[PDB]
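Q: Just dropping this structure here.
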Amino acid sequence: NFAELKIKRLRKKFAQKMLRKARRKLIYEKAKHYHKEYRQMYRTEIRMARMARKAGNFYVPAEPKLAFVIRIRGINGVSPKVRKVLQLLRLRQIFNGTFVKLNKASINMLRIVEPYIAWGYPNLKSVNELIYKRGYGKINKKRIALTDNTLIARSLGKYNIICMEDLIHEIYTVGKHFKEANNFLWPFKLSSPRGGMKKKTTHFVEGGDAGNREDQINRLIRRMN
Amino acid sequence: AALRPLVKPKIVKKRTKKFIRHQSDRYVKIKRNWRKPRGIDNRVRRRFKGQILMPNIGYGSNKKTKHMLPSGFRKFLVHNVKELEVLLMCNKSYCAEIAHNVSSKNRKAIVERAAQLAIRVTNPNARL
Amino acid sequence: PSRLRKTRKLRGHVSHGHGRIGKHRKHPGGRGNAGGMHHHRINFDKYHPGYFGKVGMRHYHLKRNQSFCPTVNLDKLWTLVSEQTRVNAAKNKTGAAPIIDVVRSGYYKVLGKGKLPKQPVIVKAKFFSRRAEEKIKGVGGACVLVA
Amino acid sequence: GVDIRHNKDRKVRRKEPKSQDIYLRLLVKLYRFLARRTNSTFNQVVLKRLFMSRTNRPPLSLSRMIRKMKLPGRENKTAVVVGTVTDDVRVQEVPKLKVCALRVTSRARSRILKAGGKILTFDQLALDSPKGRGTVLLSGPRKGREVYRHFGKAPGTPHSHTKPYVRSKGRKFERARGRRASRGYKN
Amino acid sequence: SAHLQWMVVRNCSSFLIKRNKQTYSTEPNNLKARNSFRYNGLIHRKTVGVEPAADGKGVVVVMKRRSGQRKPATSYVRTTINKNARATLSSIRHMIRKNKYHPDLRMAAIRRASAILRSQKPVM
Amino acid sequence: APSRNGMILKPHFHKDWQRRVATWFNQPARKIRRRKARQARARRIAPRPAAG
Amino acid sequence: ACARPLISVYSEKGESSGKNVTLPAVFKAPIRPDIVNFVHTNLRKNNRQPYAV
RNA sequence: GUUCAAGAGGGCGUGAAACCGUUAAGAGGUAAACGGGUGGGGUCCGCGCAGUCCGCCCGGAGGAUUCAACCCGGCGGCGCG
RNA sequence: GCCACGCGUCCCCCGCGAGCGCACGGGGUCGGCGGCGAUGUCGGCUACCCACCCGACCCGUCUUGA
RNA sequence: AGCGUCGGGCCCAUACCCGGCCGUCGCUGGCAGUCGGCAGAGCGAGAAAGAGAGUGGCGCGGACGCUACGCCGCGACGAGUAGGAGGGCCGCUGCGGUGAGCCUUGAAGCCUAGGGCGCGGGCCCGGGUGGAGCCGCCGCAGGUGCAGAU
Ligand SMILES: [Mg+2]
Ligand SMILES: [Mg+2]
Ligand SMILES: [Mg+2]
Ligand SMILES: [Mg+2]
Ligand SMILES: [Mg+2]
Ligand SMILES: [Mg+2]
Ligand SMILES: [Mg+2]
Ligand SMILES: [Mg+2]
Ligand SMILES: [Mg+2]
Ligand SMILES: [Mg+2]
Ligand SMILES: [Mg+2]
Ligand SMILES: [Mg+2]
Ligand SMILES: [Mg+2]
Ligand SMILES: [Mg+2]
Ligand SMILES: [Mg+2]
Ligand SMILES: [Mg+2]
Ligand SMILES: [Mg+2]
Ligand SMILES: [Mg+2]
Ligand SMILES: [Mg+2]
Ligand SMILES: [Mg+2]
Ligand SMILES: [Mg+2]
Ligand SMILES: [Mg+2]
Ligand SMILES: [Mg+2]
């Protein structure tokens, strides 16, 4: 016949077209709602301050959920108790990066390797730059580039994670499904730092780069990316 | 009208200079033909700076232009007329090249037939 | 095929696969089965326990032919005869079992290993064990001896 | 530079068979095709086994095949072997079967056919049941070789029921110093 | 059978000719002449061959009749076509297509015919 | 010098054995010279039984 | 294979006679070069005389 | 002067390297010799030294006893005849 | 300023419209050009010699170490 | 152009980043679908599965392709002595088949500032010398590859 089949095949494509559109509009609405979210989150932390000073007290803000680690020195001649930790954090190459949710368990390991890393509390823009520019997923054991949302829906559809934005949301808000969101991400291959380094060997406080430099990590990222 | 090939790409070649053997310059008994030294105290084996190079696989050439002559053709070694009809269908990429011991009077026929088939010949004016 | 052997690839390499601190010298440890008691004591005690020592009674002029005594299990007693003998027996309503001379086929003893199928047999053998005999009786038939 | 060992990255399992015989390779071509173009894992197992050596595809006795079909629920169901089907003398009664195997000896062939059975080849099997439904897979005993007795924790070593290699048993060939309690010791 | 005797031949044939990292075959009814189960001539039931004529001039197309495969004398059937180029390719195209006869070899055979005609035509 | 495992064994190659080797390339010819002598004997004692 | 065809006999002078003979069964037997090759290369070694210094 | 040839002339077929003579070329105070990277000059080669044809189309100019469809004859392929 | 727009029916309160162009879009194309040339000029990596800049201790071996 | 405390700027490693290329490993990945007047050319897509049977209400046309011990696509890696394994259209001398193989219109060997191939082992063409035998492909066997050893 190839008449009824043609008309049927057209209805099938038309259905799948409307479906793809609907997923698009859904995506849009999640993103705008998150913009409203972030704006609110930022203002309130000030409002608490102004009102606290008015009363005369001090507002202590919350401890930071998240830290952005970087391995600064190389592969030659390193204690085996270190090596184990380092390879548990997936820092196999130099100038590699990783996200790490915080707690006593993680922080004691980062203490044990203080001299080899540089960590701190990263900002939202630094999270955007890193994910968008150099996002590469671990799909079927293969380093494949994060260029379309399909590549995410196939793997993470079960957590309602359909796009870069939801991913960002989980990372900044260390939500439920951090383990899966981060283990999905391949260790970040960052380049050598433009401008230079002050002194690789020593701690920040004694004028070096190692160890906790809370916020200045952003300055360092902008110089390395 | 030289015989064009189907494609005449860039024949880049990573290295042109030959791999001479360490100390062929000094002695005669030592030939140019490469031989990897398997000594303990050797330098060349262990890459000292400003020394004879060692052949890695890395020099390997692009697949598309291996055994490719500048014109673009490949060789095929021929002894006689029967072997040209083979090439008659793979005419534009490959070319016959006649063997040394083959005579002159037969060469004449080889070129005459091949000129009918339009097959390019590298050595058509070889004896006279 | 020497072309397949290892020495062809080894041409070039100096010590020809025997190492160059401890070279392939002639008899580095000593010869044969030497130092069995002393400095190869182990190999013997880890892999050949018993090598040393005497045991038993010396028997001088041994003749293997006297003690020739090949055994056969009941597991494969019926194997000796063609199939229609077994078939015709179930046909026999009279219940006359066929006689199997084992000696004819070059087996002497009858051991009692396997399970025997339900149909009587007369077995003319030379020796019998205790369990093979009683197995037959429960089935049926007798154990006719012969020297 | 990265700190990974590259020790065990190469895998040794077989890809293709060492044999040059044509019929085995034609089986291979076929089951490669059905392997990739189907979902059934059955075909992958059959593939693996087609590459394996003589020891690894051992002979299946008839007694073992029979009672494995006597098991309940697998009535009227084709038995599948990669090795050879040898005959058993120590088994009188022979229920009628449906066998598949690369080789079967004449004796077992006669035993089955007079009973009213059936011997399939693989090209017939592919047509009958391509996915292979209604199939009892089987194998012979890999450890059946006499050699495995020789392996393990060494002799002359507490608890090691392990055959030693010996030219000839007798009174005075490895019975004395390490076995009798009298002479020296035993373990 | 065919696949069987393909696996037999592929390597150990006298007609096969290996050199200079190349591999060819000089059988009569091969076109493209490359050692391969598709183009091998002798194997199949239905086999094509496009030669130039016995006399220098002309082209004979050859076909294999499927009846007597163990009797070579009666198997092949030659037939010269001494016309112009275009009508040659029309008649050949029709011979092969409309009979469902080995349509794999369609374009190859065409190309060879044109090159043959080229040859018996005067040289440049 | 025994490494890990083997049949302990006593080969008899200490005597000058490479001297006294009997090679059997004779065989086919020997078979014929027997066969010929047998046919010639039976031809001699014509009607008597061949075997004896 | 199961199928056995009929072969025509030819006269010594080339023409076909009336008689037609059935194919024996061996000709449908399995081909196995690995064996042929192996066998040939062992049997041919026996026809070999000794050489020695 | 023989011989096709003494470019085989009685330790005489072919006649390599080490070594020497001469000729030709180039160069020259940190012994010579080397790798990489370039330049200059020689050397011969390219049988270079006004530069691609191929289908198809459009158009203008020639010519051959020529196209399709049917009839006859033969053959092959296929047949849910 | 809004990725808000049949009618009827459902809830809280008052499965086929076709058509045409643009492009920061699943890895470069021009539907753009110019000079030289038949007896002294063009190309010729390698291979022949020379020059310059940088690099550079003679091989094999035993050896903790050449 | 010294000593102590410091700023900006600036210099390069076979390290790091982006890109090109070789080989290997892994995905035990993909490909027999070249199904053509018996035709209708798809099965990469966020979501366990069918372009499924039925039954009531003019012009004759369509490139390449696949030696499946092949072809093709994806990622990641590459120092190596003593030592082990794989592939060698690397090479030597001889034997059974095979090329209607070559050759006095000049074989082998040898010489070469010629043209070329291969990562390399080595090999092919031109020229000169020489005057009678030689090589390619599939298999087999070995007294089978030199710088050294007073
Ligand atoms: Mg800078
Ligand atoms: Mg030294
Ligand atoms: Mg080594
Ligand atoms: Mg030594
Ligand atoms: Mg030794
Ligand atoms: Mg030792
Ligand atoms: Mg590396
Ligand atoms: Mg051992
Ligand atoms: Mg006699
Ligand atoms: Mg002399
Ligand atoms: Mg001379
Ligand atoms: Mg020389
Ligand atoms: Mg001079
Ligand atoms: Mg020494
Ligand atoms: Mg040392
Ligand atoms: Mg010392
Ligand atoms: Mg560098
Ligand atoms: Mg890269
Ligand atoms: Mg290593
Ligand atoms: Mg390596
Ligand atoms: Mg001469
Ligand atoms: Mg001569
Ligand atoms: Mg020498």
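Numbers run from 1 along the shown chain.
A Cβ is built for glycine as well, from the same backbone N, Cα and C atoms used for every other residue.
From Swiss-Prot, here are the annotated features:
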- C:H38: (3S)-3-hydroxyhistidine (MOD_RES)
- C:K46: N6-acetyllysine (MOD_RES)
- C:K54: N6-acetyllysine (MOD_RES)
- C:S67: phosphoserine (MOD_RES)
- C:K109: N6-acetyllysine (MOD_RES)
Q: Quick one: Cα separation, C:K54 (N6-acetyllysine) versus the residue listed as '(3S)-3-hydroxyhistidine', in Å?
A: 19
Q: Rounded to a whole number, how many Å is the Cα of C:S67 (phosphoserine) away from the Cα of C:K109 (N6-acetyllysine)?
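A: Distance (Cα to Cα, whole Å): 12 Å.
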Q: Can you list which of the modified residues C:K46, C:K54, C:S67 come closer than 8 Å to chain D, going by CB to CB distance?
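A: Only C:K46, C:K54 pass the 8 Å Cβ test.
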Q: Between the modified residues C:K46, C:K54, C:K109, where is the Cβ count within 10 Å the lowest?
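A: Result for the modified residues C:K46, C:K54, C:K109: minimum number of other Cβ atoms within 10 Å at C:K54.
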Q: Quick one: Cα separation, C:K109 (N6-acetyllysine) versus C:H38 ((3S)-3-hydroxyhistidine), in Å?
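A: Computed Cα spacing between C:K109 (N6-acetyllysine) and C:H38 ((3S)-3-hydroxyhistidine) is 48 Å.
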Q: By a simple count, how many Cβ atoms lie within 10 Å of the Cβ of C:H38 ((3S)-3-hydroxyhistidine), its own Cβ left out?
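A: The answer is 7.
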Q: Report, in whole Å, the straight Cα-to-Cα distance of C:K46 (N6-acetyllysine) from the residue listed as '(3S)-3-hydroxyhistidine'.
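A: Here the two Cα atoms lie 14 Å apart.
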Q: When you measure from the Cβ of the residue listed as 'phosphoserine', how many other Cβ atoms are you left with inside 10 Å?
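A: Here the count is 7.
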Q: DSSP three-state call for the residue listed as 'phosphoserine': helix, strand or coil?
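A: Where the residue listed as 'phosphoserine' sits, the three-state DSSP reduction gives coil.
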Q: DSSP on C:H38 ((3S)-3-hydroxyhistidine), three-state: which is it?
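A: Once the DSSP labels are grouped into three classes, C:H38 ((3S)-3-hydroxyhistidine) ends up as coil.
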Q: Give the three-state DSSP assignment (helix, strand or coil) for C:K109 (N6-acetyllysine).
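A: Note: C:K109 (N6-acetyllysine) is in a strand by DSSP.
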Q: Helix, strand or coil by DSSP: which one applies to C:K46 (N6-acetyllysine)?
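A: Assignment for C:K46 (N6-acetyllysine) reads helix.
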